[PDB]
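Just the one chain here, the form deposited in one PDB entry, laid out as structure tokens.
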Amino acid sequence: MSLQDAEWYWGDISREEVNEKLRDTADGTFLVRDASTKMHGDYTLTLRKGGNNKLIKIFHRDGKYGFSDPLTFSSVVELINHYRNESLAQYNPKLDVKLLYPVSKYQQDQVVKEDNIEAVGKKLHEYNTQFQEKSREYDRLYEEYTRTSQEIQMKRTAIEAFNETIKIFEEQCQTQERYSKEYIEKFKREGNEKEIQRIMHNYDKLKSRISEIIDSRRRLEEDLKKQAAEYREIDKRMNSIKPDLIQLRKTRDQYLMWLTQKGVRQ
């Protein structure tokens, strides 16, 4: 009856705040708040239906409140309890998602244990100190993540480039093998030994070059494996921190709300 004391009456919280509370919740989840217009006596009902938050205006004129044209209810609490037992079919022929699960403010005031303003103020400090610290670390991690991602991309391109390079030096061998075959045969017959050695010497030079390039690629293949492992480990660390960080902020954010709550207001 007391609308101020109503479980689902949250007052002046913004649409966004309601979105957070209705995030990924089951159909039938509802709460009532002041209209965004802040007009003194209009309230807005927010109902969860089919993955979406509905906004349903609650019309306030003369003595009675309601959705549709015939203001049939004399108080706000009347309407919600009379939509809490039944379906929504009498606001609209369609719909009929009722009103099932509310959003209570009392399970939320559970999480601030302390009564006095000093204990709450001390804990707010602690959480907020932990929060900025953990945020800073998550951001450091995300830069390392980003840097590493780039470096891995660079290295992958560079391994490809090694591949192309190596093929080309291997084609040079093959090209040398084709031409020089007939020349060394004939050269032997013409009795020139050290000309043969010059050809073989260039061929040795080419093949050892190939060995260098292949081993240099081999090394870069190693470095990539290592970094690929570090990248996944940075991803692990971020996935542990992230959920704890969100919950940490949500705690801090309501200690601040609690601190505001018993504290001098306009």
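Residue numbers here begin at 1 and follow the sequence given. For clarity, a rigid core is taken as the largest C-alpha set superposing within 1.5 Å between two forms.
Note that the form deposited in another entry isn't included here; everything after this is about it.
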| query | finding |
| --- | --- |
| Candidates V111, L141, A161, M154 - which moves between this form and the one not shown, C-alpha at least 2 Å, core fixed | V111 |
| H82 C-alpha relocation of at least 2 Å between this form and the one not shown, rigid core basis | no |
| Cα displacement of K54 between this form and the one not shown reaching 2 Å, rigid core superposed | no |
| Is_shifted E195 between this form and the one not shown (CA, 2 Å cut-off, rigid core) | yes |
